[PDB]
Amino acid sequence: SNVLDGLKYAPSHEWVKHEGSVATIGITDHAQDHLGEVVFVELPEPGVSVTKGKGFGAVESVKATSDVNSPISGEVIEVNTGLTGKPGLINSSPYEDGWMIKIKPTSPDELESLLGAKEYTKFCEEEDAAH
């Protein structure tokens, strides 16, 4: 599991990349690895609001269907419609082409409660080690 240096991470294995007025959201390399082959993604409609810590979509693999929760609150301004044709982009590039939603974050300080990269790598170590 690759973990990128400038993202913030939630315990449930979703990342946020923040770039000013916009925050992009996807699930991590860890998350796709443990999901297996992703066969379907349920993404929200544009204009919808997402709230920090609440499911905004689901990702269906050959073995599981999990909720993907929003790491921060805001408004879905854009959705990766690429995931309809190739869902697998989540497996092949969880941090670049497999991004799920782009939001306009409504509460910026939310970023400060998320895990930075060493805290998330460590938590993933503790999870891998918990079996």
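So that there is no doubt, residue numbering starts at 1 and follows the sequence shown.
Between the stretches 30-38 and 83-91, it is 83-91 that shows the larger average CA temperature factor. With 59-67 and 99-107 compared on mean CA B-factor from the PDB entry, the stretch scoring higher is 59-67. Among all modelled residues in its chain, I72 ranks in the middle third by Cα B-factor. In the deposited entry, the Cα temperature factor of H13 sits in the bottom third of values across the chain's modelled residues. For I25, the recorded CA temperature factor ranks within the lowest third of the chain's modelled residues.
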